[PDB]
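Heads up: the structure comes next, in structure tokens.
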Amino acid sequence: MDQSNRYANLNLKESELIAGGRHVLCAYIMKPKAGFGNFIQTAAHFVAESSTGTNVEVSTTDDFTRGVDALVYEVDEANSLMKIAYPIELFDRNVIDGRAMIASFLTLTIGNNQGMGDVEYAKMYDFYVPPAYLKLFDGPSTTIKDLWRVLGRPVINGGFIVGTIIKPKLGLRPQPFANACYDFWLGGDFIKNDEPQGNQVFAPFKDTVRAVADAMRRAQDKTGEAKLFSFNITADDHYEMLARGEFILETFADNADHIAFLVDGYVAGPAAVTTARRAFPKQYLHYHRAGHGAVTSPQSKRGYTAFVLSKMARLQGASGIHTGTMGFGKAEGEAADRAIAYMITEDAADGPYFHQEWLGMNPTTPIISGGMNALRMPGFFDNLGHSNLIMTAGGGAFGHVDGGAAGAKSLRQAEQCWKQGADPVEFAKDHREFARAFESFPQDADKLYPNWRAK
Amino acid sequence: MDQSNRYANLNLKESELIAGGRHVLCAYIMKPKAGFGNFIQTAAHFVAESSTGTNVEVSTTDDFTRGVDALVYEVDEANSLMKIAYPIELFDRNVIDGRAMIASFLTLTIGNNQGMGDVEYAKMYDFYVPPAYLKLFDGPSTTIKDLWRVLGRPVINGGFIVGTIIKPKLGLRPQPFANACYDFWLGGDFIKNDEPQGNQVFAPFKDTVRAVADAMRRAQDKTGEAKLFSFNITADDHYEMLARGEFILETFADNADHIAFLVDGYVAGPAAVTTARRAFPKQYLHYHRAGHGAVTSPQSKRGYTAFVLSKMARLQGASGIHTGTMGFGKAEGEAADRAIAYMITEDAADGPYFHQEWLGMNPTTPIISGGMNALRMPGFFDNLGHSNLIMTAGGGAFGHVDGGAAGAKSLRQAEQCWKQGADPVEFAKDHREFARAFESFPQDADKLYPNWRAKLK
Amino acid sequence: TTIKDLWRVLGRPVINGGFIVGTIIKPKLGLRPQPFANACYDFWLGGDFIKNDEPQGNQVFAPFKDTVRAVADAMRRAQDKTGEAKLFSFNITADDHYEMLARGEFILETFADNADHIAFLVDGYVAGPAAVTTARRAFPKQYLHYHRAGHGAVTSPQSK
Ligand SMILES: O=C(O)[C@@](O)(COP(=O)(O)O)[C@H](O)[C@H](O)COP(=O)(O)O
Ligand SMILES: O=C(O)[C@@](O)(COP(=O)(O)O)[C@H](O)[C@H](O)COP(=O)(O)O
Ligand SMILES: [Mg+2]
Ligand SMILES: [Mg+2]
Ligand SMILES: [Mg+2]
């Protein structure tokens, strides 16, 4: 049944909808399935299933309901483009504090409409949130500044935070785990649990946290420098997350503010992210996005993009989120992904379709990870334009021929090489650890630098 | 770099892995991306990124780590098949009660491996959980039995629960909302919040809960029959969910056991499902899967299938989950989806690759929804084989020409027609509400029944 | 929770899983933490199930947490020795609702991966239904073991 006359108003202007500040805008790449309605008809049903309607008319509908209908206000069949305007009154609010929830946003904009039989596929590429709705989100409470302050760095442009992931992903018992932490910290700043590390039977949570706490104290006493750790506290059970978080902070004691909390936000869900954000607002919230690739991949024409996921995470209150290597690492990513970083860091930025004013909402740090090492870093920073971020290199550090500590220093020197604007191969002649990264990863060295070995 | 020698052991036999009861098995349909390694090489890296390794060798690796490596134990490149065995020691456990978490299962089996550059796509179609890992999951604490008991039905095979969704999806104010609830309950049993309904500014949560609570009392007093309602309590904030849930139960008072709690488990995540499951174990947990289509659709070759999503939901403790209309409704689905229903309801069932014993773990109700009406119901039931379930028809009920109450009765009579094995058109001549469903949805009636008008009016 | 859940842990059929061999640690009171745990290990070499005698808890000569830790170790040792699963029923009876939570919560964390091997015993007749309900609602996933000490005062045929 055709509901275009109700759910479609292409005479509406995007500029006025933004100026109004009473609508969330979303931009989709949608394709109707063969044997049903044309583009606007299918788009109309899409809007219905995403706001106020269903697949048939019902007597219970009144004029007030019609007033809050979402509306397709712009379409371009030749590019499969479909823009929809959602009145902000549609989105659910907390009874307890009147604040917004991303779960309601997801349910309407990217929920049931992903299972429509008359649609072949549809994927959100961008969305706009007006001021009245934006200010109702938590936003980040801790930022990279709080990490800079702990490291004794300038709170403004404090610079690059050298990081790694403890590898193997799983298998290290408590003390072997802590030993690797100590080694890396002799040359680096930051360490995160690999995403699945927690309370495995061969590496009990409390024993590992205790061993790492010891390793931090030993490393700090040895180097005279502050060291950071990001603990995975992900769990199905809200109270398990609290239990883990509380034990960590008590255990680390005077080093409690050296701690970040990692949450697998995509698989555990927004509910888990909000648990950490609200229970531990004074601890850096580290959003790990494992599993996101199922929808965000360009290979997928469903769900939403990495850009959308990142923008949402900032609203949820992620202190930092993985944004990818932007084509310079091992995972799917493009140089154009730099736009994602700007969107989560700046107070004003452009998306693929919408300009977003953030109204002083705190930034989310772009966390760079995925097959990175000292050799690949200069190219990466060139594409982004800055190094005010956290970069973790698991294999890149612990895969160094001279050990984790040397690996750490190679990452440090790689960024110093870019900041000096020096040539990597020439730079290497005065920095062994960086030069030794060439021998550690000769295939990367051969591709990135053609004749590094002779020179 | 090639890691086949470490992460691949094709000499392992599946029967031994199952008999051992120390491995979670997963079956994927994977395709390597062009310009990298062959199938087994790509499969090896996939396993590494899904268990103990990364894209390069590291000095920190010891033999104990190698002892817990996941392993590719079966492949079929001509069919793009890849089976992986995960040692159960890899999966995270709660510090507080030593129980399992689905979040850890997802992180390893379907996490980082979905973003691999050397893989074009990979999708989980089935998984096996041994007893030692299975018993560590919550499982459902409430089942349809408890809804049957309230309705005064037999607790075993209590039969069909006539349901609907309040439509419009959003827009009804508290009392107009409650009025629609009263109308439907005159002929039906069950009503659920549409998935986004909650605390909208035009329909305050507490005002609506109070209005619906009043409507239930009026409808039950009117019909002398018990009536059920499923409230959406989804929220980012764990404490918001508790606040909503606690207010509902107190408000309904002596009808508190008539209440189910709906959670948008896919978009809100397992954390939200577990909050409801553990805070309110005595209330029927209604898992709404909105958004699942992004990965479960056959159009997608990433993530996991609807079968996997449903199987996980049983472990998480869903009292019921939407399983789709199996090709008979408005959403993407196939007739073969009946197998999903069997997997979540039976104590033993076969998946696309693995046989699963549930060891007495409680069943999860298949909740049928999505463009269903009285006309489409007989066909759906024929494919499934039973009607011991909940079916909700929003448009099918409130889209009835004679109103929501008539709509309810049409759904009731439609199911009565299938169990009696009667001819729908002939059945209609003695059942008005069912007959009026033809005139309500003539397009469906014309295709499903060719000359109903001649046989009726 | 039912016997089905105990059968599942023991690796028995969940339907008609059969006889669960059990005992009570004797002396009723007097055993210090390690001698207590030693008796647990001994019995578990041939049996499945062990319950605290009804008054055993936090006596000054057998601190609760010290004993819980010792039994947990004994369970691991017994299970490693026999390759068989072992069950224990801890008395968590108390006047104070929050004491019951404290005992139960400490036990489950301590036993960790063996947490589902634990049953909770409550002296339901003398402590009352309130204590039974505390355990039932706080720990629905743990086998609730109702001990009826004192019941004889009214239930005895001698009493009318
Ligand atoms: O498990 C891993 O692979 C990593 O620890 C990187 O390890 P390596 O440094 O050894 O590659 C990260 O979790 C991924 O980068 C996540 O991907 P993303 O940031 O794109 O979400
Ligand atoms: O919002 C809706 O469209 C529904 O209320 C159906 O309404 P109608 O009865 O009016 O069609 C259900 O939430 C969908 O069935 C969900 O799909 P699924 O069950 O496949 O997850
Ligand atoms: Mg990782
Ligand atoms: Mg719905
Ligand atoms: Mg006794």
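Proteins come first, then strands; the chains are lettered A, B, ... in the order of their sequence lines, and each starts at number 1. Start at 1 and go down the list; that is how both ligands and their atoms are numbered.
- The closest side-chain heavy-atom distance from C/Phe43 to C/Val21 is below 4.5 Å.
- The set of protein atoms (N, O or S) found at less than 2.8 Å from the Mg ion (ligand 5) reads C/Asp53 OD1, C/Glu54 OE1, by chain and number.
- Residues passing the ring-ring contact (aromatic ring centres under 6.0 Å, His included) test with A/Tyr7: none are found, sequence neighbours excluded.
- Around the CD atom of C/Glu54, the shell of radius 6.0 Å holds more than 12 heavy atoms that belong to other residues, nucleotides or ligands.
- For A/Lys330 and B/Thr54, the side-chain atoms include at least one donor-acceptor pair closer than 3.5 Å.
- The ring-ring contact (aromatic ring centres under 6.0 Å, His included) search around B/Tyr86 returns none, not counting sequence neighbours.
- With sequence neighbours excluded, the residues that form a side-chain hydrogen bond (donor to acceptor under 3.5 Å, both in side chains) with B/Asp194 are B/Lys167, B/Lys169.
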